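J.: After the structure tokens below, expect a handful of questions from me.
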Ligand SMILES: NC(=O)c1ccc[n+]([C@@H]2O[C@H](COP(=O)([O-])OP(=O)(O)OC[C@H]3O[C@@H](n4cnc5c(N)ncnc54)[C@H](O)[C@@H]3O)[C@@H](O)[C@H]2O)c1
Ligand SMILES: NC(=O)c1ccc[n+]([C@@H]2O[C@H](COP(=O)([O-])OP(=O)(O)OC[C@H]3O[C@@H](n4cnc5c(N)ncnc54)[C@H](O)[C@@H]3O)[C@@H](O)[C@H]2O)c1
């Protein structure tokens, strides 16, 4: 299929090298030498694009979402942190009911969204804890320390970085039901995600220790799935 | 859409009551009073069926898989334990390459299959441990005891019950890479599933404590997804 990739950062260039595409349109405010892509200069959704993939920034999701939705394409979004904004979220799904498009929210850096999606109406609450090494926060500590705790909306305001995982989760069960905790642990070599889910159907715990590659393959699997006979999860 | 549900056990009757369907064809060796379904007597795939759902038994998967695949429908399978059979597995995906159909393997009683599907080529091994209460095995114990450990193929031969979770997993990463452990813990009130995944991309831990309802909603979410604009995981 022909596709439009928004953003040529670590994830964009990676999709271009691993993906199998006849044609690739790419838009990125910068202008680095483009390899096997048709670097656009003015954003737009070419008529032969069957799928659009956003992997730029929350602001990009907000800037083009409206236009993208006019077109009858599969719309893959990863910068979900943008949905932590009540006003933008309302606007988006409005355009979507009228839209001929289809939106896909791949799990990204976490997993367990298959069951969380199935039992979403029954979820009582979701606790997502991120444990980063002190170094990655310019901190020197002798023990674990909570650097933040509250809603997804607030977490995004102070951490314009991640807060994408929690947002996709919020988009599934409702934001009011998600609590975010960011912990700095001097004993931690790498980043970790722990998703604790309480519901009327059962309780689930998902621990993620990524050694972001996971998100890349998460996108690829979604694209591959569009054209596959064997679908898992 | 019009659908064909194979098996009217706990899961079949549940799909009939919660599902939203214009027409339902149902086949079940028994003959209990059927409510809102068109109880067939001779198995077959009516021409107006757009989706078939198996939730009967592994033997059923093996008996009708061949026929189902001739038809251009979405084929949902849950009794995956049947794929632990090397010979049947080879036969199935053979028919599928030639098939106009599409197969869906919902996560069922576990979760985390979204990430496991994305990073499947990189998986080094998967350990799935099931911790049941001694009572559910007619055992009286004073401490945890392993009642079984080995491959998915063997687990199915001694436990014609579950071994479906491990099979779907085997279908994803390859059976040789899955190790199954069934533990009886006197301290355990309910059943638990722990899926430990080791790979080149990272390590994942999924703990599942279901209070099977999860599988039902897992099927429903797959059906709902066929006709939805918002897809998660
Ligand atoms: N959902 C998840 O699990 C998950 C995980 C990791 C990253 N992400 C998201 O992916 C994004 C980062 O991707 P990356 O790793 O390639 O980072 P990156 O910063 O290396 O790449 C971003 C690229 O997009 C371009 N860009 C920024 N705004 C743009 C805009 N408004 N319009 C067009 N182009 C724009 C930038 O010039 C940059 O080259 C982040 O926004 C993050 O939220 C999501
Ligand atoms: N993948 C998962 O996570 C998962 C989880 C739970 C159960 N399951 C599967 O679901 C099945 C059980 O479903 P249930 O909970 O409704 O159980 P059940 O035993 O109550 O229902 C099974 C029904 O299917 C009928 N049946 C059996 N063989 C048939 C055949 N060959 N052809 C036509 N009909 C047949 C039976 O008469 C019975 O009424 C099991 O085979 C199990 O492997 C999968």
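So for chain B, numbering is Swiss-Prot's, and the shown residues are 1-211, 220-241, in order.
The header says X-ray crystallography, 2.6 Å.
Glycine is treated like the rest: Cβ placed from N, Cα and C.
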J.: Which single residue out of B:109, B:200 does Swiss-Prot record at the NAD(+) site shared with B:10, B:11, B:28, B:56, B:57, B:63, B:64, B:78, B:79, B:164?
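T.: The candidate from B:109, B:200 that Swiss-Prot ties to NAD(+) along with B:10, B:11, B:28, B:56, B:57, B:63, B:64, B:78, B:79, B:164 is B:109.
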J.: Have a look around residue B:164 (NAD(+) binding site) and count the other CB atoms within 10 A of its CB, chains all included.
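T.: The Cβ of residue B:164 (NAD(+) binding site) has 24 Cβ neighbours within 10 Å.
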J.: Starting from each candidate's C-beta and looking 10 angstroms out, tell me which of the binding-site residues B:10, B:57, B:79 has the most other C-beta atoms.
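T.: Neighbour-count leader: B:79.
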J.: Can you count the other CB atoms that lie within 10 A of the CB of residue B:28 (NAD(+) binding site)?
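T.: Around the Cβ of residue B:28 (NAD(+) binding site), 20 other Cβ atoms lie within 10 Å.
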J.: Calculate the distance in Å between the alpha carbons (Cα) of residue B:164 (NAD(+) binding site) and residue B:193 (active site), and round it to a whole number.
T.: 12
J.: In whole Å, how far does the CA atom of residue B:28 (NAD(+) binding site) lie from that of residue B:193 (active site)?
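T.: With the alpha carbons as reference points, the distance is 30 Å.
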J.: List the same-chain residues at least 6 positions away in sequence whose Cβ sits under 8 Å from the Cβ of residue B:193 (active site), in sequence order, or say none.
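T.: Looking at Cβ-Cβ distances below 8 Å from residue B:193 (active site), excluding near sequence neighbours, one finds B:109, B:110, B:128, B:129, B:130, B:165, B:206, B:207, B:208, B:210.
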